[PDB]
Amino acid sequence: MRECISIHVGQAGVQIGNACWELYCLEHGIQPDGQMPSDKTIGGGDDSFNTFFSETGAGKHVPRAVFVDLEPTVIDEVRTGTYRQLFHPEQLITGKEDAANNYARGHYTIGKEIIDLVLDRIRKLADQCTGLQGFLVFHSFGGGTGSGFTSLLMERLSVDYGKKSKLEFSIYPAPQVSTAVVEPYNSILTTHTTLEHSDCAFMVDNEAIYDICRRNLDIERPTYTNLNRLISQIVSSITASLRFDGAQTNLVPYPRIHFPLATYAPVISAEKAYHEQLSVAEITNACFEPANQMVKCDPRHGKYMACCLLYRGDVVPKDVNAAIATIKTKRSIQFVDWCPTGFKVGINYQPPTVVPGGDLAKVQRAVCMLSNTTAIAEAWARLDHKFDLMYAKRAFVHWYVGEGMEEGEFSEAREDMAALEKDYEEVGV
Amino acid sequence: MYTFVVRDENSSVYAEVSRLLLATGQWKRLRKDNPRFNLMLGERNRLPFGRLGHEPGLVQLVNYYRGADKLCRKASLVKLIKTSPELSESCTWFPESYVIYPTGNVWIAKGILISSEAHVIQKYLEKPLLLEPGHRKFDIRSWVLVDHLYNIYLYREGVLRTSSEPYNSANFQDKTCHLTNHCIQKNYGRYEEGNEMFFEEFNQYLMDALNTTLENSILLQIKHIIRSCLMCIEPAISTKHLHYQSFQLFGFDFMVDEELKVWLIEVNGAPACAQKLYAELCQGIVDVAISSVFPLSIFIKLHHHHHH
Amino acid sequence: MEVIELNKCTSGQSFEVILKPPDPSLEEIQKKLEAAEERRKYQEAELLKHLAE
Amino acid sequence: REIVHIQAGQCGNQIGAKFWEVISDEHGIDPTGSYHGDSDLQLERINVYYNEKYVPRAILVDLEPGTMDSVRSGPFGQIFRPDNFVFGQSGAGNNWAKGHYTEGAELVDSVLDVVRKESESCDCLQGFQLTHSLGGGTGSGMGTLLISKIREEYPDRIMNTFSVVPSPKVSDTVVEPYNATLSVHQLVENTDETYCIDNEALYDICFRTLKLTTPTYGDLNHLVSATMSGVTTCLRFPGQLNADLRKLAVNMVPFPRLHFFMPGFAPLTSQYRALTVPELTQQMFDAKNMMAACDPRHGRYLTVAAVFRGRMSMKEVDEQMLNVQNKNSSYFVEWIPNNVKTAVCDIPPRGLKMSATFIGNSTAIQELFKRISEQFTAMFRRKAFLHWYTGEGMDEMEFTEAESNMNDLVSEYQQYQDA
Ligand SMILES: Nc1nc2c(ncn2[C@@H]2O[C@H](COP(=O)(O)OP(=O)(O)OP(=O)(O)O)[C@@H](O)[C@H]2O)c(=O)[nH]1
Ligand SMILES: Nc1ncnc2c1ncn2[C@@H]1O[C@H](COP(=O)(O)OP(=O)(O)CP(=O)(O)O)[C@@H](O)[C@H]1O
Ligand SMILES: Nc1nc2c(ncn2[C@@H]2O[C@H](COP(=O)(O)OP(=O)(O)O)[C@@H](O)[C@H]2O)c(=O)[nH]1
Ligand SMILES: [Ca+2]
Ligand SMILES: [Ca+2]
Ligand SMILES: [Mg+2]
Ligand SMILES: [Mg+2]
């Protein structure tokens, strides 16, 4: 098989991990103790779900995952929660003192203390894989651990596993739920240091998710639990072809342009008693609708380099092709000249899954689109502007310098983002 | 109170909207780079559309439509006419035009040149309609407000920007008799003030001199061009469903030929207004485009849902 | 609109739809990290020297 | 995790005692150390301030024994660790130099032994909070000597103070501006976060708003304890924002020296209708609700923390907090985006259903330092009362340095207000 190891870093990475691993278990019929009655090959197996779950002799399906945080609060909940029997204690790694919303404490000061330990625990999981494909790394841009420790870990992973793909799920910072004025700084520092180490990154803007929950789920004031459950559906659709039977050289034709825009439809509330069921055409259309995107930007004013669609549920290729045809002769889907104008399509017949007592209705059919569009640079421009405002006054910079960074890392990280913005602009205008 | 910022110090029109807003007592002007605004009156070059609609607790509105420059550059306008099936190569009210690059067959280059030899090369309208007295050329400027709902509002007042020189078939080198630009005129001011003849007079001239009306003979066509151009780009520029809203004021420029046919010459993204009409139009920009979105007629609404 | 690479199985299927044709070594990391430690150590010593005064 | 609390001098120990009364009640700890509450939220982060029935992690310091008897016999006096009472016999006589250099120097190593003991059994000590006045001798002079020593032993831990700033309206002595200026000098170099609790403000609230024609220290301290309860809510209960001292510092302090906060509280009391979320929000930002006597409209907010306590709509809080920034946007610096953070804790304080606490880093805090600086110079320029300080070994020059550093602090605040 082609195993994938998931690394969940910091509060955001861990709590999203809880949502994803809960969802995978429900999709695969794995109980919270790790038992999976449907799996008739005890002790091992070569099945698709084995990409994400190893097996013990006792019939137990164990995530190929490490959870890392510099303080124990969030992971202690995993250790005592409903999925505690699912993870071996050594997959759940904590320090005692966090990065205090400071990339530099994450990366340099606290980070150095726990890195060798984490790499060893990753190595244990890597040693259980007959043909490891790579890593999925979940983290916030804005936290000190999510930013600072993640960038340290990615550097080390290139050294220790150079031949291996590293994908990120990265939470971009939104003022309605953010906890630190310095999140722009942390976001640029981590983006800079990770750029050359990451093959593909899926950004989820907390603002986009927050608004989707308000607008489509009728949730007045969304919690992380609300946000993370929706995120987990996107994550599930993105990893589904790995975990089930089916079929970055699709999405990443330029090394640095590796941030595809995710869009998901339909998001419909559980409390909606009477819900009319959306067709293939309607859900495909919703994919080109800015309000369903994981990052709010306007794809009409950029260009496409690739689209991948994964449909889940009652979907046949004929309706997909018909919907796609009509899409071209209605929207502004301009591709770059050096790419084909076309869509990679996966269909998984299993209807999408919902966590019982969640907010998402269980629909007959859903779609997730990943499109590499220059429009996502809108998100960099916004973040870069905030960074400039504070950095001009050197506001908060002493917190970083006191941990051992130089000002130079700031301006060097910022100039890489200026270059990144330049790159996106050339491909898209 | 509502808040706005001001990013075009040079804008005649939105200099007047800012003044009108402030004298309401319900609009405060913030500093240029303060993001907590309801309304941006934007810069014309590189307006930061990607930073709009990310301020929780603020409905944000800007006075430009991202993407409308397709209509408002000569290069891109020709490409749009030619490649949109709504308009097409057969489109009967744009002059035959060609995009070309550096490094009676009478044409014009767009500093402008007019010849029968050889950034856009366009068929020069010989046989324009000439006002009398003075055997003289003009163009018509119509001002169009497209609001956040994509309502297309044509301001009922427009203006003829006239020539003051007899028109000359056999001498295309001399301008002023051929080019009707207010600047590039300034025998100026002879027949009407500032070479501006407004609609009451021109309608009267068309009645007295041609036995028709401005409405029948010119405006149906003006109205048709404007809705055709703007309903064409609507899917690309509309802000329905988007996380900020746009409006924009356009200047549409028309030639009328001697057979009282109308031709589209140019669309203008950042137009100025004629002195007399500043107050009226600028008020209507507040009434229809701003206070509609942020609550406290002189426009014709262009709409025509025909059945086939 | 050309539908290529059609793969089918029981739990799903996949295809393409064409509408139209067209690192630092471990030593560098440990170095970087150690230089930051050295700068924090210096800063700390500088403060303790001043507090000794 | 753990905070080590230190209270010094008369003022330090009176407001400190009140702090422990108020928070013990909020956490359901009675005066014998036992727990009797009905919410697991009260015990979840109990260890931040209490050792394990629950003993405060509190050290009580004075050069004068008077105050330490009256705390020991006060309501919660039973609850303190008896070995954590450390006291001299001599007093400091409202003299900074006595506290800092002569008499306090004698006592301080004993205090440090108690600190070291409490620290050594912390799972992961975050740092220290001190309560003290800056106008007297022990709290001011010895308290700042402590801070300096604590920094030498714990250079990487956060030092937080609640510093009661003096005013002629509630005045024990003319040398108060001397003592305060000498202490501000220390605080600027040696703390990470200082809450400026201004007796000028407290008096003015009691007199103008609460209608008390002669405010006692009890009345002033009733405001101080509500404020201390409020600003430490994010440390004591579960929550995302500013949940520890370092994270607060990182959110509140854009430049190391500008760490003097203007606290605010609503509703002001000494209560038959709960306030609406709009009224709390308007009031908490009002000049009349600030515990430092500065007009925030004479400056700009660098950073703001707002903590809401009680059962209320979190939507309404978010809407009202957005409302006040949007309508007063010029009073928030434009070069620090999203500089206002908001927490909401369910558990209200005693006797209120709804409350708001404000923590502002405003450039208008310069008004406070200027007032002290004016009173200082008036006396120092005639060398008045100096001989009480030179008689303890100090040099004039040391006063000159202190006045200088404070006038510098004012300039910087002004620089960022014009930026
Ligand atoms: N979507 C989502 N965002 C989160 C979650 N937890 C935190 N965030 C966001 O992530 C950022 C804060 O980073 P965290 O992940 O909490 O920080 P951390 O990695 O634990 O880092 P330190 O606490 O600084 O060591 C802010 O933008 C939060 O809104 C979560 O569960 N889901
Ligand atoms: N094909 C054509 N036939 C006749 N006259 C033409 C023409 N093209 C341009 N003109 C003349 O040139 C003048 C200005 O041309 P054009 O509209 O291309 O330039 P411009 O962009 O300066 C006008 P504006 O200042 O409103 O933007 C018109 O008023 C018209 O008289
Ligand atoms: N708010 C308040 N201020 C006090 C209290 N006790 C003293 N003060 C003030 O503190 C200063 C005197 O300091 P004090 O603590 O008595 O001196 P110390 O014992 O030498 O530390 C003066 O400015 C007084 O107004 C108190 O309980 N509350
Ligand atoms: Ca098996
Ligand atoms: Ca002695
Ligand atoms: Mg954390
Ligand atoms: Mg006293």
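Residues numbered from 1 in each chain as written, not as in the entry; some residues may be left out. Chains lettered and ligands numbered in written order. Part of a larger assembly, values for the part shown. Heavy atoms only, no water.

As recorded in the PDB entry, chain D goes by the name TUBULIN BETA CHAIN, listed as coming from Rattus norvegicus. Each PDB entry has a title, and for this one the record gives "a new complex structure of tubulin with an alpha-beta unsaturated lactone". According to the UniProt record, the Subcellular location comment for chain D is "Cytoplasm, Cytoskeleton". Looking at chain D in UniProt, the text filed under Sequence similarities is "Belongs to the tubulin family." (UniProt positions renumbered as here; feature names shortened; annotations may be inferred.)

As annotated in the PDB entry, chain C is STATHMIN-4 from Sus scrofa.

1. Examining the interface of chain C and chain A
With 30 residues of chain C at the interface, the matching set in chain A holds 40 residues. Taken together, the two surfaces of chain C and chain A that pack against each other cover about 3000 Å², and 56% of this comes from carbon and sulfur. Along the contact surface separating chain C from chain A lie 4 salt bridges. In this structure, A:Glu406 engages C:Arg39 in a salt bridge whose closest nitrogen and oxygen atoms are separated by 3.8 Å. Counting across the chain C and chain A interface gives 16 residue pairs in polar contact. Contributing elements (two or more residues each) for the side of chain C that touches chain A: β1 (2–8), β2 (12–20) and α1 (26–52) of chain C. Counting residues per element, the side of chain C that touches chain A draws most heavily on α1(C), at 11 residues. Across the side of chain C that touches chain A, the residue classes tally to 13 nonpolar, 9 polar and 8 charged. Pairing geometry for strand β11 (residues 341–348) of chain A and β2(C), over 8 bridges, is antiparallel. Counterpart to A:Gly346 in the pairing with β2(C) is C:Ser14. (Contact = heavy atoms within 4.5 Å. Buried area = accessible area lost by both parts, 1.4 Å probe. Salt bridge = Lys/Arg side-chain N within 4 Å of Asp/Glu carboxyl O. Polar contact = N/O pair within 3.5 Å; in protein donor to acceptor, adjacent residues only side chain to side chain. Helix = DSSP H or I, 4+ residues; strand = E, 2+ residues; numbered from the N terminus. Nonpolar A, V, L, I, M, F, W, Y, C, P; charged D, E, K, R; others polar. Pairing = 2+ DSSP bridges.)

2. Overview of the side chain of B:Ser217
Residues and elements named next belong to chain B. Mapped onto the secondary structure, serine 217 falls in helix α5 (residues 214–237). The exposure class of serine 217 is buried, given its relative accessible area of 9%. Within the structure, the side chain of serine 217 is placed 2.6 Å from the backbone oxygen of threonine 213, a separation counted as a polar contact. For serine 217, the residues in contact, after removing those within four places along its chain, are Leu206, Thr212 and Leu260. (Buried < 20%, exposed > 50% of the residue type's maximum accessible area, 1.4 Å probe, protein only.)

3. A short note on the UniProt feature "binding site: Mg(2+)" in chain D
Residue and element names in this part refer to chain D. Residues annotated by UniProt as "binding site: Mg(2+)" correspond here to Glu64. Structurally, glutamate 64 can be placed in the loop between β4 (58–62) and α2 (66–73). Note on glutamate 64: relative accessible area 46%, which makes it partly exposed. Those residues within four positions of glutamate 64 in sequence are excluded, and the remaining contacts are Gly88 and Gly91.

4. Describing the site of ligand 1
Close to ligand 1 lie 25 residues; A:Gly144, A:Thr145, A:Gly146, A:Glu183 and A:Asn228 are nearest. Two or more chains meet at ligand 1, and those chains are chains A and D. Here an oxygen atom of ligand 1 and a backbone polar atom of A:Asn101 are 2.9 Å apart. One nitrogen or oxygen atom from the main chain of A:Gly143 is found 3.1 Å from an oxygen atom belonging to ligand 1. In the complex, 98% of the free accessible area of ligand 1, which totals 640 Å², lies under the protein chains. Counting only elements with at least two residues in the shell around ligand 1, the list comes to α1 (10–28), α5 (144–160) and α8 (224–243) of chain A. (Near = heavy atom within 4 Å. Areas by Shrake-Rupley, 256 points an atom, 1.4 Å probe, with all protein chains shown as cover.)

5. Considerations on the packing of aromatic side chains
Inspection of the entire model under this criterion finds 65 aromatic pairs over all chains. On the numbers, 6.5 Å between centres and 10 degrees between planes, the contact of B:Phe202 with B:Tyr205 is stacked. Placement of the pair is B:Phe202 and B:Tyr205 together in helix α4 (residues 199–210), with a separation of 3 residues, close to one helical turn. Of the two residues examined, B:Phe202 and B:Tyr205, each falls in the buried class. Put simply, the rings of A:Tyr185, A:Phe387, A:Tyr391, A:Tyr400 and A:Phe410 touch in pairs and so form one group of aromatic residues. (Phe/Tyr/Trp six-rings, centres within 6.5 Å; stacked < 30°, edge-to-face > 60°.)

6. A word on the UniProt feature "binding site: GTP" in chain D
All names here are of chain D. The UniProt record annotates "binding site: GTP" at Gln10, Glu64, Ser133, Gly137, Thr138, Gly139, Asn199 and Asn221. Within the secondary structure layout, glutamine 10 lies in helix α1 (residues 9–26). On the basis of relative accessible area, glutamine 10 is assigned to the partly exposed category, the value being 40%. Apart from the residues within four sequence positions on either side, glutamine 10 is in contact with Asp62 and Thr67. By the element assignment, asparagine 221 lies in helix α8 (residues 217–236). Relative accessible area serves as the criterion here: at 11%, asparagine 221 is assigned to the buried category. Every residue in contact with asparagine 221, bar those within four places of it in the chain, is listed here: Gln14 and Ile15.

7. Brief notes about the arrangement of the chains
Comparison of the 5 pairs of chains in contact shows the highest number of contacts for chains A and C. There is no contact between chain B and chain C; across them, the least C-alpha separation is 17 Å.

8. Here's the deal with the interface of chain B and chain D
Facing the 10 residues of chain B at the interface are 8 residues of chain D. In total, about 840 Å² of surface goes out of reach between chain B and chain D, with carbon and sulfur atoms giving 40% of it. Salt-bridge contacts for D:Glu334 lead to B:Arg31; the nearest nitrogen and oxygen are separated by 2.7 Å. Seen at the junction of chain B and chain D, the total is 5 residue pairs in polar contact. For the side of chain B that touches chain D, the per-class residue count stands at 4 nonpolar, 3 polar and 3 charged.

9. Quick look at the sheet that holds strand β8 (residues 200–205) of chain A
Residue and element names in this part refer to chain A. Spatial ordering of the open sheet is given by β5-β4-β1-β6-β7-β8, a layout of 6 strands whose pairing is parallel. Every interior strand has two partners, whereas the edge strands, β5 (92–94) and β8, have only one. Averaged over all pairs of adjacent strands, the angle between their axes in this sheet comes to 15 degrees, without regard to strand direction. As paired strands, strand β1 (residues 4–9) and strand β6 (residues 134–140) are joined by 5 bridges and run parallel to one another. Following the sheet pairing, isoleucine 7 is matched in β6 by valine 137. (Axes fitted to C-alpha atoms, helices over the stretch in contact; angles between N-to-C directions.)

10. Topic: the site of ligand 3
Residues and elements named next belong to chain D. Around ligand 3, the structure places 19 residues, and the nearest of them are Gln10, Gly139, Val170, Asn199 and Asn221. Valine 170 places a main-chain nitrogen or oxygen 2.7 Å from an oxygen atom of ligand 3. One nitrogen or oxygen atom from the side chain of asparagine 221 is found 2.6 Å from a nitrogen atom belonging to ligand 3. Within the complex, 96% of the 580 Å² of free accessible area of ligand 3 lies under protein. The set of elements that each furnish at least two residues to the shell around ligand 3 consists of α1, α5 (138–153), α7 (199–209) and α8. No other element matches α1, which puts 4 residues into the shell around ligand 3.

11. Let's talk about α1(D)
An α-helical turn contains 3.6 residues, so any two residues separated by three or four positions project in the same direction. Look at α1(D): 25 Å from first C-alpha to last across 18 residues, which is about the 26 Å you get at 1.5 Å a residue. Judged by how many residues are buried, α1(D) sits mostly within the fold: 13 of 18 residues are covered. (Expected span 1.5 Å × (residues − 1).)

12. Re the side chain of A:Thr374
Residues and elements named next belong to chain A. Its location among the elements puts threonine 374 in the loop between β12 (365–373) and α11 (377–392). Residue class for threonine 374 comes out buried when judged on its relative accessible area of 7%. In this structure the side chain of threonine 374 is engaged in a polar contact, spanning 2.9 Å, whose partner is the backbone nitrogen of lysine 303.

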